[PDB]
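Peer 1: output the structure for:
(one chain, ligands or ions: 1)
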Amino acid sequence: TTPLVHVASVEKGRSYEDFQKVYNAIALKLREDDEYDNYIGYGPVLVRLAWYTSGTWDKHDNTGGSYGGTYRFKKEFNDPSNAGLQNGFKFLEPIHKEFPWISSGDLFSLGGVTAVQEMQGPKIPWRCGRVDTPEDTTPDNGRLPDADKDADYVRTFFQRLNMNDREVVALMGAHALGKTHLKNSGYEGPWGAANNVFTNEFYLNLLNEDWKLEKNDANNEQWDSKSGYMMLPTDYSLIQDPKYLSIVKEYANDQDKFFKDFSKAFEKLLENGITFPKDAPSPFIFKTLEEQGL
Ligand code: HEM
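Peer 2: Numbering: from 1, shown residues only. Next comes the structure:
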């Protein structure tokens with residue numbers, strides 16, 4: 001019951017080259033299965049999967065988190081908060097089959113890193129070593145955030161993941177990717193136009209679009225723009241709160257700053273709860289398919 005310690009353990013004999021191969025397999029499949037979700041591709045859902053398998057972490061007792069790769073167990077993959085993520089897991093199945101040596105946690109997190117980079121986002125340093133843990137270590141449902149809340153809720157929620165205001169605003173920028181699907185979350189619509197290209201569009205849209213608070217077909221309120229975009233109440237709270245607003249403006253006006261801050265916050269999210277040995281390998285920075293000429 002005491003605060004357990006999760007020590008990163010490198011998959012036996014593996015090094016950078018091995019993980020670059022897994023990265024490449026994921027990236028090649030992202031390119032191949034381009035028709036998914038009306039041609040948005042699997043990039044966005046893989047990022048969401050990485051964030052939800054990591055977002056269960058509780059700094060207070062080190063339960064949940066990316067280390068154990070517990071999403072593979074029914075209790076967690078059936079979490080209502082994870083509806084739709086099965087698509088990401090299905091995508092990674094053939095990858096895990098080809099590289100059975102990689103842990104589930106390493107695969108889920110690497111999937112998110114690969115997706116961000118392939119979608120032209122910033123490089124995200126990634127460390128290996130997550131080790132699969134038993135089904136009884138699977139966190140209970142209810143640790144992921146609700147979308148119908150305000151800024152105070154968001155701020156308090158993220159304190160459990162040890163994220164401050166800047167980290168929260170930076171992480172939310174991932175919503176430039178993909179869209180909400182009524183059947184999955186009770187919300188419908190994309191946050192922007194370039195659904196599968198990682199940019200700071202989320203912030204520009206929050207500030208520049210003309211938003212109207214409306215009710216969707218699930219009878220839930222969401223902010224809609226004439227451009228056909230939407231914002232969840234939690235997204236919109238970032239411009240209602242004065243502290244969050246200042247940061248949103250910063251990122252809307254500095255693409256490089258957003259990339260650097262997102263990279264740090266995303267790696268931190270994916271590494272929360274993990275203790276890396278003094279002699280563990282340095283973080284890996286994978287080359288994109290484009291950089292490799294593949
Ligand atoms: C207050 C926190 C957050 C809330 C309430 C929230 C809520 C949601 C909801 C309701 C969806 C739609 C799911 C669906 O209908 O398919 C979604 C999608 C998504 N979220 Fe968030 N999210 C939050 C934070 C984040 C963070 C921190 C990241 C990652 C850094 C992230 C990345 C994504 C991505 C990429 C999608 C698109 C998935 C797809 O298109 O299939 N989210 N989120």
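
Peer 1: rest of the way, CA atoms for contacts and neighbours
Peer 2: Noted.

Peer 1: surely residue 31 is in a strand?
Peer 2: No: inclusion of residue 31 in a strand is not indicated when DSSP: H, G, I helix; E, B strand; the rest coil is applied; the result is helix.

Peer 1: quick check: it vs residue 213, distance?
Peer 2: When Cα to Cα, to the nearest Å is applied, the distance between residue 31 and residue 213 equals 36 Å.

Peer 1: go on, residue 179?
Peer 2: In this structure, residue 179 lies at 18 Å from residue 213, with Cα to Cα as the measure.

Peer 1: more neighbours: which of those two?
Peer 2: Each of residue 179 and residue 213 has its neighbours counted (other Cα atoms under 10 Å); residue 179 has more, 22 against 15.

Peer 1: surely that one touches residue 193?
Peer 2: No: between residue 179 and residue 193 there is no contact under Cα atoms under 8 Å: 10.1 Å.

Peer 1: could you look up the SS state of the residue nearest the centre of the chain?
Peer 2: Closest to where the C-alpha atoms of the chain average out (Cα atoms, centre = their mean) is residue 51, at 3.1 Å. When classified by three-state DSSP, residue 51 comes out as helix.

Peer 1: name the residues that touch stretch 163-183?
Peer 2: Applying Cα atoms under 8 Å, 6 or more residues apart in numbering, the external contacts of stretch 163-183 come out as 40, 43-45, 155, 158, 187-192, 194-203, 217-218, 235, 238, 243-244, 247-248, 251, 258, 261-262, 265-266.

Peer 1: with only the CA atoms kept, save it in CSV.
Peer 2: Presented in CSV, the C-alpha positions along stretch 163-183 are these (Å, rounded to 0.1, in the frame of the first residue of the first chain):
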residue,chain,number,x,y,z
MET,A,163,1.7,19.9,-14.0
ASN,A,164,1.7,23.6,-13.5
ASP,A,165,-0.2,26.3,-15.5
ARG,A,166,2.3,26.5,-18.3
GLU,A,167,2.5,22.7,-18.6
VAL,A,168,-1.2,22.4,-18.7
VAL,A,169,-1.7,25.0,-21.4
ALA,A,170,1.1,23.5,-23.4
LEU,A,171,-0.2,19.9,-23.2
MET,A,172,-3.7,21.0,-24.2
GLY,A,173,-2.3,22.3,-27.5
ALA,A,174,-2.4,18.6,-28.6
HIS,A,175,-6.0,19.3,-29.3
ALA,A,176,-5.0,20.8,-32.6
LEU,A,177,-5.0,17.1,-33.5
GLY,A,178,-8.0,15.0,-34.5
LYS,A,179,-11.5,15.6,-33.3
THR,A,180,-14.2,14.7,-30.8
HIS,A,181,-16.6,12.0,-31.8
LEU,A,182,-20.1,12.1,-30.5
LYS,A,183,-20.3,8.3,-30.0
